[PDB]
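Scroll down for the structure; my scribbles are underneath it.
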Amino acid sequence: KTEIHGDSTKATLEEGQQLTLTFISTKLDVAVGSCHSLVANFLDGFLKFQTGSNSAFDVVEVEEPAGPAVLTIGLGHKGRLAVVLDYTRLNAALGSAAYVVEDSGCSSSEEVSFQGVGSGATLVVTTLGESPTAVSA
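The opening residue of the sequence shown carries number 1 in the deposited numbering; numbering runs sequentially from there.
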């Protein structure tokens, strides 16, 4: 379990993992290891992700959160991801977005970087049942 009260929190992921990041911000600069890129800019209203959109990333407009934001990405294959994020919106309503992409990026070895979580967010990184302590350290 890697947690940083600074601003960024990195942690290598291993097959069959689960990333539960509870942060209170409108921006999240994510860097999934080195074989994937994903920038969640809720400030403008779009989540740029490079999974399998061919050639490069794909910009998909997202709701306008309002403070708290729960991002839960469960891994369970070569690159299969399940981005299930539930957060509060400016529309005074709950926003539960989901993404299911089998062919995304890596899995076994992938140091994901989460910047913008500020000092108060927790990064729950566990391989289903076991705990991947940096799975490299």
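Heads up, the beta-carbon is just placed ideally off N, CA and C, and yes, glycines get one too.
Assigned with DSSP and collapsed to three states, residue 73 falls in strand. Taking 7 Å as the cut-off, the beta carbon of residue 114 is found closer than this to the beta carbon of residue 21. Listed in chain order, the alpha helix (DSSP H) runs fully inside the stretch 20-96 amount to none, counting runs of at least 4 residues.
One thing to note: residue 118 has its Cβ no nearer than 7 Å to the Cβ of residue 8. By the C-beta density criterion, residue 104 is buried, having at least 16 other C-beta atoms within 10 angstroms. Comparing alpha-carbon positions, the option among 69, 52, 45, 67 lying closest to residue 60 turns out to be 45. Distance from the CA atom of residue 67 to the CA atom of residue 87, rounded to whole angstroms, is 8 Å. Between residue 126 and the set 65, 4, 12, 5, the nearest pair of CA atoms involves 12. Judged by beta-carbon spacing, residue 111 lies beyond the 7 Å limit of residue 90, meaning their Cβ atoms are not closer than that value.
Taking 8 Å as the upper bound for CB-CB distance, residue 37 and residue 57 are in contact here, some 6 Å apart.
Residue 93 sits exposed, since fewer than 16 C-beta atoms from the chains shown fall within 10 Å of its C-beta. Taking 7 Å as the cut-off, the beta carbon of residue 73 is found closer than this to the beta carbon of residue 19.
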